[PDB]
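What follows is a short report on a single structure.
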Ligand SMILES: *[C@@H]1O[C@H](CO)[C@@H](O[C@@H]2O[C@H](CO)[C@@H](O)[C@H](O)[C@H]2NC(C)=O)[C@H](O)[C@H]1NC(C)=O
Ligand SMILES: *[C@@H]1O[C@H](CO)[C@@H](O[C@@H]2O[C@H](CO)[C@@H](O)[C@H](O)[C@H]2NC(C)=O)[C@H](O)[C@H]1NC(C)=O
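Protein chains in written order, with the deposited numbering: chain B, 445 to 493; chain C, 154 to 174, 185 to 245.
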């Protein structure tokens with residue numbers, strides 16, 4: 445299983461054409477402020493295949 | 154060149170070209196669709212304080228194929244540190 449091929453899953457909004465995002469930060473999936481603590485309603489967008 | 158940059162991480166783009174510079188120097192910077200456009204013009208100014216009365220066009224100077232979500236900018240000086 446090659447897990448090096450990962451990609452971003454969650455983001456605040458969409459992308460303008462032809463640009464790249466390298467923000468490796470927790471994404472808040474709900475009303476719980478992650479504040480660098482992860483947990484519920486908080487996910488790491490980068491996941492592999 | 155050691156102004157402020159101290160933790161320059163791995164990055165993508167570098168470029169070098171000719172230098173630009185009572186000199187009225189006008190520049191236009193635009194960012195459209197991951198493209199950076201720079202127009203420039205240099206004139207000999209003879210007015211005291213503010214912009215003069217007249218008309219002068221600006222020629223295109225450089226284009227860059229780099230996509231950045233630019234929102235702010237600042238000017239760089241070279242003070243007499245001595
Ligand atoms: C080269 O760029 C990559 C792209 O971000 C860096 O990868 C991660 O960078 C963050 C810092 O924002 C680190 O916390 C991670 O540990 C890095 N992931 C790794 C190393 O697998 C990478 O750090 C950059 N290279 C260097 C030497 O900084
Ligand atoms: C470029 O960066 C700015 C940084 O503020 C982004 O502006 C924020 O975008 C988020 C996206 O949901 C909004 O929730 C904030 O309210 C915005 N803040 C401000 C001050 O505008 C902007 O979206 C970025 N451009 C992109 C991602 O294309």
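By construction, the Cβ of each residue, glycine as well, lies at the ideal position given by its N, Cα and C atoms.
Report the neighbours of residue i on chain B: residues whose CB is nearer than 8 Å to its CB, in chain order.
i                      : result
residue 196 of chain C : 460, 461 and 462
Is residue i helix, strand or coil by DSSP?
i                      : result
residue 206 of chain C : strand
residue 463 of chain B : coil
residue 213 of chain C : coil
residue 188 of chain C : strand
residue 194 of chain C : strand
residue 486 of chain B : strand
At 7 Å on the CB atoms, spell out the chain B contacts of residue i, in chain order.
i                      : result
residue 230 of chain C : 462, 463 and 464
(request) Give a yes or no on contact between the segment 189–209 of chain C and the segment 226–235 of chain C, applying the rule of three or more CB pairs nearer than 8 Å. (result) yes
(message) Count Cβ pairs between the segment 481–488 of chain B and the segment 158–166 of chain C that sit closer than 8 Å; are there 3 or more?
(response) no
(message) Below 8 Å, how does it come out for the segment 215–222 of chain C and the segment 231–245 of chain C: are there three or more Cβ pairs, yes or no?
(response) Look at the beta carbons and you see the segment 215–222 of chain C not touching the segment 231–245 of chain C: under three pairs across the two are nearer than 8 Å.
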